[PDB]
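Trainee: Dropping a structure here in structure tokens format, bear with me for questions.
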Amino acid sequence: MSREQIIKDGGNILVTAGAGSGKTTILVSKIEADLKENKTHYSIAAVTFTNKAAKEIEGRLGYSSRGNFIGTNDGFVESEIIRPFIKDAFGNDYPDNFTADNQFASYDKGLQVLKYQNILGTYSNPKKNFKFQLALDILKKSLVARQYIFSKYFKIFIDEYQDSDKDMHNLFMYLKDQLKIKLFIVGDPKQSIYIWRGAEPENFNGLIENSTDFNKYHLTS
Amino acid sequence: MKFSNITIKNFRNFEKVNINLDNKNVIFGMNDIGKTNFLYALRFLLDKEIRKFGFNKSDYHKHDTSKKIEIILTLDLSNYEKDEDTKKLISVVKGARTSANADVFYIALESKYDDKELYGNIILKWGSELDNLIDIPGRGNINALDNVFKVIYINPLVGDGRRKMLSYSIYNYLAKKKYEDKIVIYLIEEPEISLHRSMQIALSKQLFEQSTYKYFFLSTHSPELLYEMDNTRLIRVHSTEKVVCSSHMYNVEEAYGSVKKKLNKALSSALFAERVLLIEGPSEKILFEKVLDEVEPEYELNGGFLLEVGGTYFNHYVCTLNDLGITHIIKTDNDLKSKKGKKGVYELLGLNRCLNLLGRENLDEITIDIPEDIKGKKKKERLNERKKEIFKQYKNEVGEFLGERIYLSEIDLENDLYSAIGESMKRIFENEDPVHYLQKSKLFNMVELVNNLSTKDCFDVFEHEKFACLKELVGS
Amino acid sequence: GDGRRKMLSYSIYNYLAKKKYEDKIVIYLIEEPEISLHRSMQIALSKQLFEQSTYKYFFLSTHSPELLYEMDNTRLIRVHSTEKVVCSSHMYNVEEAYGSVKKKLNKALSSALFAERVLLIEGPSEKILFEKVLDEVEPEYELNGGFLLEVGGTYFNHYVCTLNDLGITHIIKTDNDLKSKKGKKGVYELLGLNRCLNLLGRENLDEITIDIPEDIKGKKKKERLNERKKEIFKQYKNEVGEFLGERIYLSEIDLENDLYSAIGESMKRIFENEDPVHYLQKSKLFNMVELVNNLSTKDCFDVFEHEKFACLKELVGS
């Protein structure tokens, strides 16, 4: 079946797989194949929505001294973009300390909380994201941030793309286009029950029905 | 992308030393203690198996453990777009860089002695700004800096030259496949211990014309290893008790392309000297060797050298020697070269070669009638009179030359030698004009002359004013 | 540095083995003394070994020609580079005639002892030309055991005796020279033929006389002497054939004319508006640099493959 046409493909890929298809198995197989094939210094990043899937993938992959990021997409920005390069973009007064109750309805008040209060902000409206817009703002203001992101990873694995806001799409597409980093997207179109958290199913469907540089496969197993 | 500089303070016999670097570096000199301590400092900074231990009381300068050891290395990150080693460095460093300083990086070492525990702890830092460095993170026995650099140390100790070449080959084709994800630096210490000459030349070609040795530091006592040198830093350690170092960025110009094998062979043996006298041909070699053997037999034991320059300009040799701190003396004579094509116009070759070493360059040409009737000795004396006039005209320039240790003859060396030993030359060259006869066969007649010179003639030549370069060579 | 400690060790050896062993026969075995030694210290040790009475008996193994700068009155033993041990030995001495140039012979011959084939040349012009040509054609000739030796203004006997006795292949390239005798005018010595004959056991030859009227001078005299050289070369044809069997190559006139016979068109191109040979012979050193700076690979392969340059094929082992 098509499960052998994926491991042999290197680049941008989609996998429109429904429930019970075995997304974890194919994701782990592709990750292991990519790591075994490549002999360079580059790494991979696997971004999920829950800590359970992150820990499952971490346990399945094993142990290595190569630095790969496995975790949630909220931890990705905090660990890679915001915490290291916040002061290089805005200034030395902006703090890199935070432990995240204090949600507001504006971006400027989010910056004010992060600075004066010294705690990561939030938004009251679930249709808009503070983390993934601040991350993209930092990426466009810091040259060393973009340099590190380009020098570090050669592929990023994304799963459950249907439950993604517009800011997540913006950041991922910025990475794909402006920084020339490959993407591996897996998602079920009919699993948008998380719409109560601001999920936008239109992004995955638009990618499926309009993308020209994406290779598309479907799994019925 | 590029190594730039290194600073060492209060470490062993180093007190405060600043050395400029490149990717390929060669260190040479007569100290032989600072040369090894240089590589030890490099190993301490970049080698985890050496840094794994601490610093003793003997590692501090003057054994005064109340001072701090600092070793700081500088890199250039200008070619991030075209280099993949810059990415290897940048992927482990994240946050220690700033955008205003995106092209320079620092790696530092610091040690302070503990008198109660009798231990010297080593702590590493990097940063883009030298006034704001932070500790390199790590867990357990491992460091974040150990993920980047791979230091390969080569030493013959701790026919058989073929076994050495096999060792070099296995090194070259092992460090490639296994370390495609690291930055590899080679430290080669005296590779000529029990090595045949041709094998030394082969290793020189490997070092300077193969891509397997992008970064290395080499210590050598042999000029055969330097037959192929190009695009390298030469670091010279001065022969004193206080470590003093001079460095030069060596290159060969595209103009000096067809004679590159002669420049390298000539200059390799002069790098291991203290004073060098630059001469033209083998006649001067014969004469000065005879005179020095008669007067100063041990001139070459004390660091003297005679260098044959040939048919080129002095810039290439003088730049290197001056930058390395070696004293250079030049003896030349006033030459007129007939221009290619038009007849009757000559070039002030000697004056031009002497001027180009003073920054001032080139001079206008001259024209001499030389009617077709005259020919032979008459033409020679006509040209000699013109040379005398030219020499008298530029007296101030000649006085400027003498201040730079440049000695230009009015006509030639034969006439200067006559002005000193004319009676002896008349005796030996019976029934001829000594200068004219000596100028017929330069090589055989010079041997005839030296075979009939006594100690009195040698001391007459040595003590003359026209031969003041020989006193400079032997240090008076 | 540590070489000074080595010199101190040598000094203590010398002034300890004397007082303590005045009643014994002392033999020194010195093995590779140049391991971590500066060049000047190697020269000093050479002087100590060959000009001091403390070392009456010794055996020395070396890889360095700087230790041999002072050699005299010694056996040189050469071990051939094979699997079966083969050795050649020579009793080296320097004649009283070769007394004022002894420092040049030793320096020249020290580096040729560590070679397999040696080509003996005259001056730096041939050095420049052959270095350019070999770098173009055979870049690794010196890795395989080739050497170029500048002989200068002496005879070939001193070098050839040593090299032949040690088993090293020697090639000689020379040209027909006439040297005006000291004193009487109009008589010249067949210097090139005499130097080539002395290597065949036969020695010296009768002189010749050429009119050379006082009217002619310059290029006319040069061509008169060149015609005389051509006649001399044609006269002793059998001797030249004998020379060729000993790996001795004598030019009819000079190297400039042999180079013309090979690359005349290129020389005419480069030396525009002059006679190539006459212009090239004005300034020997600068004009050779001018020539080599404008030669291509085609010219180098033309020179290499010519019959007048068959010594270069001998040097590289064909």
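Letters for chains follow the order of the structure tokens (A, B, ...), residue numbers begin at 1 for each chain, and ligand numbers begin at 1 in the order shown.
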Which residues come within 7 Å of segment 293-303 of chain B, counting only C-alpha atoms, excluding same-chain residues fewer than 6 positions away, as a PDB file with N, CA, C and O atoms, in the first residue's frame?
Mentor:
ATOM      1  N   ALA B 273      66.652  31.295  10.601  1.00  0.00           N
ATOM      2  CA  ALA B 273      67.870  32.075  10.767  1.00  0.00           C
ATOM      3  C   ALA B 273      67.564  33.345  11.550  1.00  0.00           C
ATOM      4  O   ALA B 273      66.407  33.685  11.805  1.00  0.00           O
ATOM      5  N   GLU B 274      68.628  34.047  11.938  1.00  0.00           N
ATOM      6  CA  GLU B 274      68.535  35.317  12.649  1.00  0.00           C
ATOM      7  C   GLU B 274      68.839  36.514  11.760  1.00  0.00           C
ATOM      8  O   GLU B 274      68.166  37.541  11.862  1.00  0.00           O
ATOM      9  N   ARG B 275      69.852  36.407  10.903  1.00  0.00           N
ATOM     10  CA  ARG B 275      70.197  37.438   9.936  1.00  0.00           C
ATOM     11  C   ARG B 275      70.371  36.787   8.575  1.00  0.00           C
ATOM     12  O   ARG B 275      70.981  35.722   8.465  1.00  0.00           O
ATOM     13  N   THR B 455      94.897  34.813   3.816  1.00  0.00           N
ATOM     14  CA  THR B 455      94.149  35.389   4.928  1.00  0.00           C
ATOM     15  C   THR B 455      94.232  36.909   4.928  1.00  0.00           C
ATOM     16  O   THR B 455      93.273  37.584   5.322  1.00  0.00           O
ATOM     17  N   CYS B 458      91.577  38.175   2.603  1.00  0.00           N
ATOM     18  CA  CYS B 458      90.249  38.016   3.185  1.00  0.00           C
ATOM     19  C   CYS B 458      89.979  39.084   4.237  1.00  0.00           C
ATOM     20  O   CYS B 458      88.874  39.634   4.304  1.00  0.00           O
ATOM     21  N   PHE B 459      90.977  39.396   5.066  1.00  0.00           N
ATOM     22  CA  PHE B 459      90.785  40.442   6.066  1.00  0.00           C
ATOM     23  C   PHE B 459      90.771  41.829   5.437  1.00  0.00           C
ATOM     24  O   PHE B 459      90.167  42.752   5.992  1.00  0.00           O
ATOM     25  N   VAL B 474      77.444  39.102  10.374  1.00  0.00           N
ATOM     26  CA  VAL B 474      78.041  38.403  11.509  1.00  0.00           C
ATOM     27  C   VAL B 474      77.774  39.170  12.796  1.00  0.00           C
ATOM     28  O   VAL B 474      78.312  38.829  13.855  1.00  0.00           O
TER      29      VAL B 474
ATOM     30  N   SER C  40      70.971  24.905  13.305  1.00  0.00           N
ATOM     31  CA  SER C  40      72.310  25.377  13.646  1.00  0.00           C
ATOM     32  C   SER C  40      72.994  24.426  14.618  1.00  0.00           C
ATOM     33  O   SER C  40      74.212  24.221  14.549  1.00  0.00           O
ATOM     34  N   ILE C  43      74.422  21.640  12.608  1.00  0.00           N
ATOM     35  CA  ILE C  43      75.698  22.019  11.998  1.00  0.00           C
ATOM     36  C   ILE C  43      76.818  21.986  13.036  1.00  0.00           C
ATOM     37  O   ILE C  43      77.943  21.546  12.751  1.00  0.00           O
ATOM     38  N   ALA C  44      76.533  22.454  14.252  1.00  0.00           N
ATOM     39  CA  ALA C  44      77.536  22.423  15.312  1.00  0.00           C
ATOM     40  C   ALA C  44      77.940  20.992  15.654  1.00  0.00           C
ATOM     41  O   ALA C  44      79.126  20.699  15.852  1.00  0.00           O
TER      42      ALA C  44
END
Trainee: Would you kindly return, as a VMD selection string, each protein, DNA or RNA residue with an atom no farther than 12 Å from any atom of residue 129 of chain A, considering only C-alpha atoms and excluding same-chain residues fewer than 2 positions away?
Mentor: chain A and resid 74 103 to 107 110 121 to 127 131 to 136 164 to 171 197 to 199
Trainee: With C-alpha atoms retained, write the just-selected residues as an mmCIF file, in the first residue's frame.
Mentor:
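As a result, out.cif now contains:
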data_model
loop_
_atom_site.group_PDB
_atom_site.id
_atom_site.type_symbol
_atom_site.label_atom_id
_atom_site.label_comp_id
_atom_site.auth_asym_id
_atom_site.auth_seq_id
_atom_site.Cartn_x
_atom_site.Cartn_y
_atom_site.Cartn_z
ATOM 1 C CA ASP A 74 3.119 25.585 22.844
ATOM 2 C CA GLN A 103 -5.560 36.741 30.867
ATOM 3 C CA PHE A 104 -6.560 39.954 29.094
ATOM 4 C CA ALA A 105 -8.063 41.028 25.760
ATOM 5 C CA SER A 106 -5.196 42.959 24.130
ATOM 6 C CA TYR A 107 -1.711 42.245 22.809
ATOM 7 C CA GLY A 110 0.043 40.979 27.176
ATOM 8 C CA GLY A 121 0.258 36.540 29.051
ATOM 9 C CA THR A 122 -2.880 35.010 27.567
ATOM 10 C CA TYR A 123 -6.059 36.027 25.717
ATOM 11 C CA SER A 124 -9.683 35.954 26.828
ATOM 12 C CA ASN A 125 -10.917 35.280 23.284
ATOM 13 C CA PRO A 126 -9.936 31.724 22.225
ATOM 14 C CA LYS A 127 -9.998 32.700 18.526
ATOM 15 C CA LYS A 131 2.186 32.963 21.918
ATOM 16 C CA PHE A 132 2.230 32.257 18.177
ATOM 17 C CA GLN A 133 1.961 35.927 17.190
ATOM 18 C CA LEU A 134 4.725 37.014 19.563
ATOM 19 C CA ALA A 135 6.880 34.192 18.181
ATOM 20 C CA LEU A 136 6.393 35.369 14.597
ATOM 21 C CA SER A 164 -4.855 24.882 14.363
ATOM 22 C CA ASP A 165 -5.537 28.591 14.721
ATOM 23 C CA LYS A 166 -4.596 31.192 12.126
ATOM 24 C CA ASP A 167 -1.470 32.193 14.070
ATOM 25 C CA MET A 168 -0.154 28.619 14.077
ATOM 26 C CA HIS A 169 -0.707 28.460 10.321
ATOM 27 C CA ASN A 170 1.050 31.806 9.868
ATOM 28 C CA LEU A 171 4.124 30.748 11.850
ATOM 29 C CA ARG A 197 -10.689 26.224 21.506
ATOM 30 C CA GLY A 198 -10.543 28.413 18.393
ATOM 31 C CA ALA A 199 -9.680 25.650 15.929
#
Trainee: Pull the helix (DSSP H, G or I) assignments for segment 55-282 of chain C out of DSSP run on the backbone, and list those residues as a ChimeraX atom specification.
Mentor: /C:55,65-68,97-99,102-112,124-137,157-166,191-198,219-235,237-245,255-270,276-280
Trainee: If we count only C-alpha atoms, what is near residue 275 of chain C at a cut-off of 12 Å, once residues fewer than 4 positions away on the same chain are taken out, given as JSON, numbers by chain?
Mentor: {"B": [340, 341], "C": [219, 256, 257, 260, 264, 265, 267, 268, 269, 270, 271, 279, 280, 281, 282]}
Trainee: Within 9 Å of residue 143 of chain C, counting only C-alpha atoms, which residues qualify if same-chain residues fewer than 6 places away don't, as a PyMOL selection string?
Mentor: chain B and resi 197-202
Trainee: Give me, as a ChimeraX atom specification, all polymer residues having an atom no more than 7 Å from segment 112-127 of chain C, counting only C-alpha atoms and skipping those fewer than 5 positions away in the same chain.
Mentor: /C:145-152,168-173,284-285,288,315
Trainee: Do you know which residues are at most 9 Å from residue 401 of chain B counting only C-alpha atoms, after dropping those on the same chain fewer than 6 positions away, and could you put them as a ChimeraX atom specification?
Mentor: /B:354-355,358,407-408
Trainee: Please build the interface table for chain A against chain B with a cut-off of 12 Å, listing for each qualifying residue the nearest atom pair and the distance in Å to one decimal; count only C-alpha atoms, order rows by chain and increasing number, and write it as a Markdown table.
Mentor:
| residue | atom | partner | partner_atom | distance |
| --- | --- | --- | --- | --- |
| A:38 | CA | B:181 | CA | 10.4 |
| A:39 | CA | B:180 | CA | 7.1 |
| A:40 | CA | B:181 | CA | 5.2 |
| A:41 | CA | B:181 | CA | 4.8 |
| A:42 | CA | B:91 | CA | 8.4 |
| A:43 | CA | B:91 | CA | 9.7 |
| A:65 | CA | B:147 | CA | 9.1 |
| A:66 | CA | B:147 | CA | 9.4 |
| A:67 | CA | B:92 | CA | 9.4 |
| A:68 | CA | B:91 | CA | 11.9 |
| A:79 | CA | B:94 | CA | 10.6 |
| A:80 | CA | B:94 | CA | 8.5 |
| A:81 | CA | B:94 | CA | 9.6 |
| A:82 | CA | B:95 | CA | 10.3 |
| A:83 | CA | B:95 | CA | 8.7 |
| A:84 | CA | B:95 | CA | 4.9 |
| A:85 | CA | B:95 | CA | 6.1 |
| A:86 | CA | B:95 | CA | 9.3 |
| A:87 | CA | B:98 | CA | 9.2 |
| A:88 | CA | B:98 | CA | 6.2 |
| A:89 | CA | B:99 | CA | 8.7 |
| A:90 | CA | B:99 | CA | 11.6 |
| A:91 | CA | B:98 | CA | 11.0 |
| A:92 | CA | B:98 | CA | 11.1 |
| A:96 | CA | B:95 | CA | 10.8 |
| A:141 | CA | B:99 | CA | 9.5 |
| A:142 | CA | B:99 | CA | 6.7 |
| A:143 | CA | B:99 | CA | 6.0 |
| A:144 | CA | B:99 | CA | 5.9 |
| A:145 | CA | B:94 | CA | 7.9 |
| A:146 | CA | B:99 | CA | 10.7 |
| A:147 | CA | B:90 | CA | 7.6 |
| A:148 | CA | B:91 | CA | 5.7 |
| A:149 | CA | B:91 | CA | 8.0 |
| A:150 | CA | B:87 | CA | 8.3 |
| A:151 | CA | B:87 | CA | 5.0 |
| A:152 | CA | B:91 | CA | 4.9 |
| A:153 | CA | B:91 | CA | 8.7 |
| A:154 | CA | B:91 | CA | 11.6 |
Trainee: Can those selected residues be exported to a file as a compact mmCIF listing (two decimals), in the first residue's frame so that it contains N, CA, C and O atoms?
Mentor:
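For reference, selection_3.txt as written:
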# COMPACT_ATOMS: atom_id res chain seq x y z
N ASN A 38 19.90 10.53 7.40
CA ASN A 38 20.71 11.74 7.43
C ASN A 38 21.94 11.53 8.32
O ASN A 38 21.85 10.94 9.40
N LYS A 39 23.09 12.03 7.86
CA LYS A 39 24.35 11.93 8.59
C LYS A 39 24.94 13.31 8.90
O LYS A 39 26.14 13.42 9.16
N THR A 40 24.11 14.35 8.89
CA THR A 40 24.55 15.71 9.14
C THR A 40 24.32 16.06 10.61
O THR A 40 23.96 15.21 11.43
N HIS A 41 24.53 17.33 10.95
CA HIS A 41 24.33 17.82 12.31
C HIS A 41 22.89 18.25 12.58
O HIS A 41 22.57 18.58 13.73
N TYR A 42 22.02 18.23 11.58
CA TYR A 42 20.68 18.77 11.74
C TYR A 42 19.82 17.82 12.57
O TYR A 42 20.15 16.66 12.79
N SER A 43 18.69 18.35 13.03
CA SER A 43 17.77 17.61 13.89
C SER A 43 16.35 17.69 13.35
O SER A 43 16.12 18.20 12.25
N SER A 65 22.05 11.31 21.61
CA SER A 65 22.70 12.58 21.91
C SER A 65 22.37 13.66 20.88
O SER A 65 22.67 14.83 21.12
N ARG A 66 21.79 13.28 19.75
CA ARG A 66 21.30 14.26 18.79
C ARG A 66 20.12 15.02 19.40
O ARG A 66 19.23 14.42 20.01
N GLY A 67 20.12 16.33 19.23
CA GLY A 67 19.11 17.15 19.85
C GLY A 67 17.85 17.28 19.02
O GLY A 67 17.79 18.12 18.12
N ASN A 68 16.85 16.47 19.32
CA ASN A 68 15.55 16.53 18.68
C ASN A 68 14.52 17.02 19.68
O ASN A 68 14.57 16.68 20.86
N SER A 79 10.47 27.30 24.10
CA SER A 79 11.81 26.76 24.23
C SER A 79 12.77 27.28 23.16
O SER A 79 13.96 27.43 23.44
N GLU A 80 12.28 27.56 21.95
CA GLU A 80 13.18 27.83 20.83
C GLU A 80 13.23 29.29 20.41
O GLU A 80 14.31 29.77 20.05
N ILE A 81 12.12 30.02 20.43
CA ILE A 81 12.03 31.34 19.81
C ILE A 81 11.93 32.44 20.86
O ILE A 81 12.68 33.42 20.81
N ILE A 82 11.01 32.31 21.81
CA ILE A 82 10.68 33.42 22.70
C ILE A 82 11.72 33.56 23.80
O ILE A 82 12.37 34.61 23.93
N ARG A 83 11.88 32.53 24.62
CA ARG A 83 12.76 32.64 25.77
C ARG A 83 14.19 33.02 25.39
O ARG A 83 14.79 33.85 26.09
N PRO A 84 14.80 32.46 24.33
CA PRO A 84 16.19 32.80 24.02
C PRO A 84 16.37 34.16 23.36
O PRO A 84 17.40 34.82 23.56
N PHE A 85 15.39 34.61 22.57
CA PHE A 85 15.57 35.75 21.68
C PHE A 85 14.57 36.87 21.93
O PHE A 85 14.38 37.72 21.06
N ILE A 86 13.94 36.91 23.11
CA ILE A 86 12.99 37.98 23.39
C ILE A 86 13.71 39.31 23.56
O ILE A 86 13.25 40.36 23.08
N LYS A 87 14.86 39.31 24.25
CA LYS A 87 15.59 40.54 24.50
C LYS A 87 16.38 41.02 23.29
O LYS A 87 16.73 42.20 23.22
N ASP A 88 16.67 40.13 22.34
CA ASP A 88 17.36 40.54 21.12
C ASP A 88 16.44 41.26 20.14
O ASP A 88 16.93 42.01 19.29
N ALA A 89 15.13 41.04 20.23
CA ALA A 89 14.18 41.66 19.32
C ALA A 89 13.69 43.01 19.84
O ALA A 89 13.76 44.02 19.13
N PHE A 90 13.19 43.04 21.08
CA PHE A 90 12.61 44.26 21.64
C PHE A 90 13.63 45.06 22.44
O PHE A 90 13.91 46.22 22.12
N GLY A 91 14.20 44.46 23.48
CA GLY A 91 15.17 45.17 24.30
C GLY A 91 15.53 44.36 25.52
O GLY A 91 14.94 43.32 25.82
N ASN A 92 16.53 44.87 26.24
CA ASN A 92 17.04 44.18 27.42
C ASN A 92 16.07 44.26 28.59
O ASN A 92 16.22 43.50 29.56
N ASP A 96 13.05 37.29 30.14
CA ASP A 96 12.98 35.91 29.68
C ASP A 96 12.56 34.95 30.78
O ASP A 96 12.69 33.73 30.61
N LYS A 141 12.20 40.14 13.72
CA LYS A 141 13.00 41.22 14.26
C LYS A 141 14.40 40.80 14.68
O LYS A 141 15.25 41.67 14.89
N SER A 142 14.66 39.50 14.82
CA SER A 142 15.95 38.99 15.26
C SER A 142 16.57 38.18 14.13
O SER A 142 15.96 37.23 13.64
N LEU A 143 17.78 38.57 13.72
CA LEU A 143 18.50 37.82 12.70
C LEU A 143 19.09 36.54 13.28
O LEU A 143 19.13 35.50 12.61
N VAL A 144 19.57 36.60 14.52
CA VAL A 144 20.15 35.43 15.16
C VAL A 144 19.09 34.37 15.42
O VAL A 144 19.38 33.17 15.37
N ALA A 145 17.84 34.77 15.68
CA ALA A 145 16.77 33.80 15.86
C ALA A 145 16.54 32.99 14.58
O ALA A 145 16.49 31.76 14.61
N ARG A 146 16.39 33.68 13.45
CA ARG A 146 16.22 32.99 12.18
C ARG A 146 17.44 32.14 11.86
O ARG A 146 17.30 31.02 11.35
N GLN A 147 18.64 32.66 12.13
CA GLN A 147 19.85 31.89 11.87
C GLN A 147 19.87 30.60 12.67
O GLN A 147 20.20 29.53 12.14
N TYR A 148 19.52 30.67 13.95
CA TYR A 148 19.48 29.46 14.77
C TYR A 148 18.44 28.48 14.27
O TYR A 148 18.70 27.28 14.18
N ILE A 149 17.24 28.98 13.93
CA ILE A 149 16.18 28.08 13.48
C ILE A 149 16.60 27.38 12.19
O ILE A 149 16.32 26.19 11.99
N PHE A 150 17.26 28.10 11.29
CA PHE A 150 17.71 27.49 10.04
C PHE A 150 18.85 26.51 10.27
O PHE A 150 18.88 25.43 9.66
N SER A 151 19.80 26.86 11.14
CA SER A 151 20.95 26.00 11.38
C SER A 151 20.60 24.76 12.20
O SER A 151 21.37 23.80 12.20
N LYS A 152 19.47 24.77 12.90
CA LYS A 152 19.16 23.73 13.87
C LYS A 152 18.41 22.55 13.26
O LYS A 152 18.87 21.40 13.34
N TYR A 153 17.26 22.80 12.65
CA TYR A 153 16.35 21.75 12.21
C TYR A 153 16.30 21.68 10.69
O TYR A 153 16.41 22.70 10.00
N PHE A 154 16.13 20.46 10.17
CA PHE A 154 15.95 20.25 8.74
C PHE A 154 14.56 19.73 8.39
O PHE A 154 14.20 19.72 7.21
Trainee: Report the closest atom pair, with its distance in Å rounded to one decimal, for each residue of chain C that has an atom no farther than 6 Å from chain B; count only C-alpha atoms, sort by chain and then rising residue number, and write it as CSV.
Mentor:
residue,atom,partner,partner_atom,distance
C:1,CA,B:31,CA,4.9
C:35,CA,B:193,CA,5.3
C:40,CA,B:301,CA,5.0
C:100,CA,B:451,CA,5.8
C:143,CA,B:198,CA,5.0
C:153,CA,B:444,CA,4.6
C:183,CA,B:431,CA,5.3
C:273,CA,B:341,CA,5.3
C:285,CA,B:311,CA,4.9
C:286,CA,B:311,CA,4.6
C:293,CA,B:258,CA,5.8
Trainee: Please run DSSP on the backbone and report, as a PyMOL selection string, all residues within segment 19-49 of chain C that come out as strand (DSSP E or B).
Mentor: chain C and resi 28-31
Trainee: For C-alpha atoms, I'd like the residues from the last selection saved as a short mmCIF file (atom, residue, chain, number, x, y, z; two decimals), in the first residue's frame.
Mentor:
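Result file again.cif:
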data_model
loop_
_atom_site.label_atom_id
_atom_site.label_comp_id
_atom_site.auth_asym_id
_atom_site.auth_seq_id
_atom_site.Cartn_x
_atom_site.Cartn_y
_atom_site.Cartn_z
CA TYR C 28 80.24 5.68 19.91
CA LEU C 29 76.96 4.60 18.30
CA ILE C 30 74.95 7.74 17.49
CA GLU C 31 71.42 7.00 16.25
#
Trainee: Please provide as a count of residues only all residues within 12 Å of residue 461 of chain B, with the sequence filter that same-chain residues fewer than 6 positions apart are discarded (counting only C-alpha atoms).
Mentor: 24
Trainee: As an exercise, work out the distance from atom CA of residue 47 of chain B to atom CA of residue 155 of chain B in Å and give it to one decimal place.
Mentor: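 Atom-to-atom, atom CA of residue 47 of chain B and atom CA of residue 155 of chain B are spaced 15.5 Å apart.
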Trainee: Separation of atom CA of residue 435 of chain B and atom CA of residue 217 of chain C, in Å?
Mentor: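 Computing it gives 19.6 Å between the two atoms.
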Trainee: Could you jot down the atom CA of residue 4 of chain C to atom CA of residue 276 of chain B separation for me, Å, one decimal place?
Mentor: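 Here the two named atoms are 22.9 Å from each other.
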